[PDB]
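J.: Data file structure.cif (mmCIF, C-alpha atoms and all ligand atoms) is appended below.
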data_run
#
loop_
_atom_site.group_PDB
_atom_site.id
_atom_site.type_symbol
_atom_site.label_atom_id
_atom_site.label_comp_id
_atom_site.auth_asym_id
_atom_site.auth_seq_id
_atom_site.Cartn_x
_atom_site.Cartn_y
_atom_site.Cartn_z
ATOM 1 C CA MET F 1 15.893 0.514 -24.746
ATOM 2 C CA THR F 2 17.922 1.108 -21.581
ATOM 3 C CA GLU F 3 17.697 -2.118 -19.576
ATOM 4 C CA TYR F 4 17.997 -2.316 -15.784
ATOM 5 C CA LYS F 5 19.085 -5.654 -14.304
ATOM 6 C CA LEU F 6 17.545 -5.689 -10.810
ATOM 7 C CA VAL F 7 17.934 -8.481 -8.268
ATOM 8 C CA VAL F 8 15.821 -9.014 -5.141
ATOM 9 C CA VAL F 9 17.738 -10.755 -2.350
ATOM 10 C CA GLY F 10 16.876 -11.521 1.276
ATOM 11 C CA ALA F 11 16.048 -14.233 3.795
ATOM 12 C CA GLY F 12 13.186 -16.674 3.318
ATOM 13 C CA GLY F 13 9.639 -15.426 3.783
ATOM 14 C CA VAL F 14 10.472 -11.718 3.968
ATOM 15 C CA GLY F 15 8.177 -11.000 1.023
ATOM 16 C CA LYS F 16 10.580 -10.791 -1.922
ATOM 17 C CA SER F 17 8.200 -12.372 -4.422
ATOM 18 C CA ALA F 18 5.239 -10.468 -2.984
ATOM 19 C CA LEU F 19 6.901 -7.084 -3.548
ATOM 20 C CA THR F 20 7.749 -8.113 -7.104
ATOM 21 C CA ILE F 21 4.321 -9.383 -8.157
ATOM 22 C CA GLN F 22 2.567 -6.376 -6.585
ATOM 23 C CA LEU F 23 4.667 -4.151 -8.853
ATOM 24 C CA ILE F 24 4.067 -6.160 -12.037
ATOM 25 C CA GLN F 25 0.681 -7.856 -11.625
ATOM 26 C CA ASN F 26 -0.788 -5.316 -9.176
ATOM 27 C CA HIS F 27 -2.026 -7.754 -6.519
ATOM 28 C CA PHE F 28 -0.956 -9.237 -3.179
ATOM 29 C CA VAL F 29 -0.030 -12.926 -3.041
ATOM 30 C CA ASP F 30 -1.267 -14.337 0.268
ATOM 31 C CA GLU F 31 -0.081 -17.895 -0.373
ATOM 32 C CA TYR F 32 2.821 -20.177 0.534
ATOM 33 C CA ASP F 33 4.913 -20.417 -2.650
ATOM 34 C CA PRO F 34 8.714 -20.658 -2.103
ATOM 35 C CA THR F 35 10.724 -19.390 -5.068
ATOM 36 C CA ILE F 36 13.581 -21.218 -6.805
ATOM 37 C CA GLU F 37 14.258 -18.633 -9.499
ATOM 38 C CA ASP F 38 11.800 -16.373 -11.333
ATOM 39 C CA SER F 39 12.451 -13.579 -13.832
ATOM 40 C CA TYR F 40 10.184 -10.678 -14.784
ATOM 41 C CA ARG F 41 10.380 -8.242 -17.717
ATOM 42 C CA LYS F 42 8.331 -5.017 -17.860
ATOM 43 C CA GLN F 43 8.325 -1.940 -20.082
ATOM 44 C CA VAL F 44 7.905 1.090 -17.831
ATOM 45 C CA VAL F 45 8.417 4.841 -17.900
ATOM 46 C CA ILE F 46 10.461 6.179 -14.988
ATOM 47 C CA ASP F 47 11.041 9.922 -14.806
ATOM 48 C CA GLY F 48 10.159 10.155 -18.483
ATOM 49 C CA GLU F 49 12.770 7.590 -19.502
ATOM 50 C CA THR F 50 11.486 4.592 -21.415
ATOM 51 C CA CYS F 51 13.283 1.648 -19.840
ATOM 52 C CA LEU F 52 12.805 -2.061 -19.206
ATOM 53 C CA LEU F 53 13.060 -3.633 -15.755
ATOM 54 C CA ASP F 54 14.634 -7.096 -15.869
ATOM 55 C CA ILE F 55 13.915 -8.229 -12.317
ATOM 56 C CA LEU F 56 15.229 -11.488 -10.886
ATOM 57 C CA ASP F 57 13.368 -12.844 -7.912
ATOM 58 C CA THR F 58 15.683 -15.096 -5.978
ATOM 59 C CA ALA F 59 15.250 -17.941 -3.496
ATOM 60 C CA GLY F 60 15.463 -17.223 0.222
ATOM 61 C CA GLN F 61 16.973 -20.636 0.946
ATOM 62 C CA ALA F 66 28.046 -20.729 -3.758
ATOM 63 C CA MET F 67 25.052 -20.704 -6.209
ATOM 64 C CA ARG F 68 24.034 -17.063 -5.582
ATOM 65 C CA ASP F 69 27.330 -15.899 -7.077
ATOM 66 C CA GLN F 70 25.944 -16.434 -10.577
ATOM 67 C CA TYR F 71 23.140 -13.858 -10.595
ATOM 68 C CA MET F 72 24.847 -11.440 -8.190
ATOM 69 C CA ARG F 73 27.606 -10.987 -10.729
ATOM 70 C CA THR F 74 25.263 -9.904 -13.580
ATOM 71 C CA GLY F 75 22.971 -7.804 -11.379
ATOM 72 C CA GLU F 76 23.285 -4.011 -11.554
ATOM 73 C CA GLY F 77 21.102 -3.030 -8.603
ATOM 74 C CA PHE F 78 20.005 -4.964 -5.528
ATOM 75 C CA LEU F 79 16.950 -4.876 -3.291
ATOM 76 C CA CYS F 80 18.064 -5.984 0.152
ATOM 77 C CA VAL F 81 14.847 -7.106 1.846
ATOM 78 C CA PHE F 82 14.175 -8.077 5.462
ATOM 79 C CA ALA F 83 10.918 -8.401 7.399
ATOM 80 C CA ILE F 84 10.367 -5.907 10.241
ATOM 81 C CA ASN F 85 8.680 -8.611 12.348
ATOM 82 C CA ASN F 86 11.699 -10.914 12.030
ATOM 83 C CA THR F 87 14.995 -9.968 13.689
ATOM 84 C CA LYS F 88 16.853 -12.851 12.025
ATOM 85 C CA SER F 89 16.057 -11.577 8.519
ATOM 86 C CA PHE F 90 17.378 -8.136 9.468
ATOM 87 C CA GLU F 91 20.629 -9.666 10.712
ATOM 88 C CA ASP F 92 21.025 -11.795 7.594
ATOM 89 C CA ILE F 93 21.272 -8.574 5.554
ATOM 90 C CA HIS F 94 24.963 -8.224 6.404
ATOM 91 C CA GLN F 95 25.776 -11.633 4.911
ATOM 92 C CA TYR F 96 23.970 -10.834 1.664
ATOM 93 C CA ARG F 97 25.697 -7.458 1.266
ATOM 94 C CA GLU F 98 29.074 -9.023 2.054
ATOM 95 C CA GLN F 99 28.641 -11.635 -0.675
ATOM 96 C CA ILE F 100 27.540 -8.961 -3.138
ATOM 97 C CA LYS F 101 30.631 -6.929 -2.261
ATOM 98 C CA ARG F 102 32.756 -10.030 -2.793
ATOM 99 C CA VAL F 103 31.427 -11.120 -6.194
ATOM 100 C CA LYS F 104 31.190 -7.540 -7.498
ATOM 101 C CA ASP F 105 34.676 -6.633 -6.244
ATOM 102 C CA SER F 106 33.257 -3.284 -5.123
ATOM 103 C CA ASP F 107 32.621 -1.459 -1.853
ATOM 104 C CA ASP F 108 29.929 0.656 -3.525
ATOM 105 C CA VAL F 109 27.132 -1.026 -5.471
ATOM 106 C CA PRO F 110 23.685 0.474 -6.242
ATOM 107 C CA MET F 111 21.527 -0.890 -3.454
ATOM 108 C CA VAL F 112 18.395 -0.233 -1.388
ATOM 109 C CA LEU F 113 17.633 -1.663 2.056
ATOM 110 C CA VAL F 114 13.941 -2.581 2.283
ATOM 111 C CA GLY F 115 12.033 -3.062 5.535
ATOM 112 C CA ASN F 116 9.040 -5.130 4.450
ATOM 113 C CA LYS F 117 5.739 -6.069 6.159
ATOM 114 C CA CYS F 118 5.341 -2.657 7.794
ATOM 115 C CA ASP F 119 1.560 -3.162 7.853
ATOM 116 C CA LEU F 120 1.980 -5.615 10.732
ATOM 117 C CA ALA F 121 1.716 -4.480 14.347
ATOM 118 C CA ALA F 122 4.099 -7.152 15.663
ATOM 119 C CA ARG F 123 7.270 -5.194 14.811
ATOM 120 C CA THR F 124 10.534 -6.472 16.323
ATOM 121 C CA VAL F 125 13.002 -4.344 14.333
ATOM 122 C CA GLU F 126 12.856 -0.613 15.033
ATOM 123 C CA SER F 127 12.977 1.708 12.015
ATOM 124 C CA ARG F 128 15.779 3.709 13.649
ATOM 125 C CA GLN F 129 17.922 0.575 13.898
ATOM 126 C CA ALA F 130 17.513 -0.189 10.192
ATOM 127 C CA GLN F 131 18.088 3.456 9.286
ATOM 128 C CA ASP F 132 21.401 3.475 11.161
ATOM 129 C CA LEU F 133 22.472 0.412 9.183
ATOM 130 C CA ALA F 134 21.456 1.988 5.874
ATOM 131 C CA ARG F 135 23.510 5.049 6.803
ATOM 132 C CA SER F 136 26.539 2.871 7.594
ATOM 133 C CA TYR F 137 26.259 1.151 4.204
ATOM 134 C CA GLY F 138 25.737 4.490 2.475
ATOM 135 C CA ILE F 139 22.434 3.400 0.926
ATOM 136 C CA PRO F 140 18.756 4.414 1.241
ATOM 137 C CA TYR F 141 16.278 2.798 3.631
ATOM 138 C CA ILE F 142 12.626 2.357 2.638
ATOM 139 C CA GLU F 143 9.771 0.664 4.485
ATOM 140 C CA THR F 144 7.240 -1.233 2.396
ATOM 141 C CA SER F 145 4.149 -3.384 2.546
ATOM 142 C CA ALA F 146 3.320 -5.658 -0.398
ATOM 143 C CA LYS F 147 -0.126 -6.042 1.180
ATOM 144 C CA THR F 148 -1.121 -2.370 1.102
ATOM 145 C CA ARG F 149 1.317 -1.573 -1.738
ATOM 146 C CA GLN F 150 2.977 1.060 0.456
ATOM 147 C CA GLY F 151 6.429 2.096 -0.743
ATOM 148 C CA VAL F 152 6.587 -0.636 -3.399
ATOM 149 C CA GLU F 153 7.054 1.675 -6.382
ATOM 150 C CA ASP F 154 9.155 3.830 -4.067
ATOM 151 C CA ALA F 155 11.565 0.942 -3.438
ATOM 152 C CA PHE F 156 12.104 -0.201 -7.033
ATOM 153 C CA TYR F 157 12.215 3.281 -8.581
ATOM 154 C CA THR F 158 14.719 4.597 -6.040
ATOM 155 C CA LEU F 159 16.964 1.654 -6.929
ATOM 156 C CA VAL F 160 16.846 2.655 -10.596
ATOM 157 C CA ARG F 161 17.760 6.218 -9.622
ATOM 158 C CA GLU F 162 20.835 4.847 -7.758
ATOM 159 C CA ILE F 163 22.021 2.964 -10.850
ATOM 160 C CA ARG F 164 21.566 6.041 -13.043
ATOM 161 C CA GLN F 165 23.791 7.908 -10.610
ATOM 162 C CA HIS F 166 26.396 5.160 -10.214
HETATM 163 N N1 LIG J 201 1.378 -8.747 6.132
HETATM 164 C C1 LIG J 201 2.217 -8.861 5.102
HETATM 165 N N2 LIG J 201 2.493 -10.110 4.627
HETATM 166 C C2 LIG J 201 3.332 -10.253 3.592
HETATM 167 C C3 LIG J 201 3.946 -9.072 2.974
HETATM 168 N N3 LIG J 201 4.712 -9.430 2.020
HETATM 169 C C4 LIG J 201 4.630 -10.740 1.992
HETATM 170 N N4 LIG J 201 3.822 -11.194 2.913
HETATM 171 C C5 LIG J 201 3.568 -12.611 3.053
HETATM 172 O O1 LIG J 201 4.521 -13.318 3.685
HETATM 173 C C6 LIG J 201 4.692 -14.596 3.052
HETATM 174 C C7 LIG J 201 5.948 -14.779 2.265
HETATM 175 O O2 LIG J 201 5.885 -14.278 0.995
HETATM 176 P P1 LIG J 201 6.861 -14.438 -0.212
HETATM 177 O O3 LIG J 201 6.848 -13.131 -1.076
HETATM 178 O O4 LIG J 201 6.834 -15.773 -0.875
HETATM 179 O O5 LIG J 201 8.343 -14.316 0.559
HETATM 180 P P2 LIG J 201 9.728 -14.593 -0.136
HETATM 181 O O6 LIG J 201 10.831 -13.974 0.672
HETATM 182 O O7 LIG J 201 9.757 -14.588 -1.677
HETATM 183 N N5 LIG J 201 9.888 -16.321 0.061
HETATM 184 P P3 LIG J 201 11.190 -17.194 -0.693
HETATM 185 O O8 LIG J 201 12.427 -16.290 -0.771
HETATM 186 O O9 LIG J 201 11.398 -18.260 0.185
HETATM 187 O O10 LIG J 201 10.516 -17.761 -2.009
HETATM 188 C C8 LIG J 201 3.414 -14.907 2.243
HETATM 189 O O11 LIG J 201 2.644 -15.830 2.967
HETATM 190 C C9 LIG J 201 2.950 -13.531 1.913
HETATM 191 O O12 LIG J 201 1.676 -13.183 1.359
HETATM 192 C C10 LIG J 201 3.552 -7.831 3.583
HETATM 193 O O13 LIG J 201 4.048 -6.875 3.080
HETATM 194 N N6 LIG J 201 2.772 -7.726 4.564
HETATM 195 MG MG MG J 202 9.982 -15.864 -3.294
#
As a first step, turn the structure in this file into structure tokens.

T.:
Amino acid sequence: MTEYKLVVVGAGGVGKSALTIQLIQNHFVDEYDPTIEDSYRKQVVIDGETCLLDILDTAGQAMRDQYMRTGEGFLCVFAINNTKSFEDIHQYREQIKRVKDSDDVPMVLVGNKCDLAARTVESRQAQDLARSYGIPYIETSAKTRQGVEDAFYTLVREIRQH
């Protein structure tokens, strides 16, 4: 079946793994468990198309080049209560542009942890960035499962259109 090679990238602690497990295992991981490299396979039906999501959950901590090269779509994740993570987005996208040799790659900017009240990054600020990159912006919470399916599915739709 049509495979989709998705890669979740972002700074440490922004909730990359949490967004992934909530999609596959349908539950929120409220524990300290830093990722080295984990891969998930799932048969799903998206817009009536039987496809398989081959998702690679990356570490937040030269070595990235390997999986960025084989990835088709990318979830660019930052935490809305962490300005540093939002700023680190630019570095990640730059390295993806470098290893892909492309200015336009299927990509979605995710603003995670939107359930928290201690926001430090305004949604307008992130939206302006997403506009500048030419990609969609979506706010999510792995805790309440808000926007989770929205984030991953939209990414698939961007690949289909690429
Ligand atoms: N309130 C809230 N907390 C969240 C959310 N998503 C993740 N967290 C939490 O924030 C922490 C970090 O989660 P984790 O998914 O491991 O982040 P990560 O970016 O994969 N870490 P790394 O890249 O280092 O392995 C956890 O303690 C976790 O439950 C969220 O959406 N809302
Ligand atoms: Mg992780």

J.: Quick one: residues within 8 Å of ligand MG 202 (chain J), with all atoms listed in the file, as a list in words?

T.: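 Final answer, ordered by chain and number: residues 12, 13, 15, 16, 17, 18, 33, 34, 35, 36, 57, 58, 59 and 60 of chain F.
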
J.: May I have the residues within 9 Å of residue F:131 as a ChimeraX atom specification, using only C-alpha atoms and disregarding those fewer than 2 positions away in the same chain?

T.: /F:113,126-129,133-136,140-142

J.: At most 7 Å from (17.4, -9.5, 1.1), file frame, all atoms listed in the file: which residues, as a ChimeraX atom specification?

T.: /F:8-11,79-82,93,96

J.: Contacts of residue F:43 at 8 Å or less, counting all atoms listed in the file, minus same-chain residues fewer than 6 places along, as a VMD selection string?

T.: chain F and resid 50 to 53

J.: From the set F:153, F:105, F:143, F:98, which residue has the shortest atom-to-atom contact distance to residue F:119, counting only C-alpha atoms?

T.: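 Of F:153, F:105, F:143, F:98, the one nearest residue F:119, counting only C-alpha atoms, is F:143.
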
J.: Rank F:19, F:130, F:46, F:7 by their smallest atom-to-atom distance to residue F:74, using all atoms listed in the file, and report the top residue only.

T.: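 Counting all atoms listed in the file, the residue closest to residue F:74 is F:7.
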
J.: Box time for ligand LIG 201 (chain J): axis-aligned, enclosing all its listed atoms, 5 Å extra on each side; report centre and edge lengths in Å to one decimal, as JSON.

T.:
{"center_x": 6.9, "center_y": -12.6, "center_z": 2.1, "size_x": 21.0, "size_y": 21.4, "size_z": 18.1}

J.: Separation of atom CA of residue F:6 and atom CA of residue F:123, in Å?

T.: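 If I compute the distance from atom CA of residue F:6 to atom CA of residue F:123, I get 27.6 Å.
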
J.: Any idea what the distance is between atom CA of residue F:151 and atom CA of residue F:21?

T.: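 Atom-to-atom, atom CA of residue F:151 to atom CA of residue F:21, that is 13.8 Å.
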
J.: Give me, please, the distance in Å between atom CA of residue F:49 and atom CA of residue F:162, quoted to one decimal.

T.: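 Going from atom CA of residue F:49 over to atom CA of residue F:162, I get 14.5 Å.
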
J.: For each of F:85, F:157, F:100, F:149, take the minimum atom-to-atom distance to residue F:121, counting all atoms listed in the file, then give the residue where this is smallest.

T.: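 Using all atoms listed in the file, residue F:121 sits closest to F:85.
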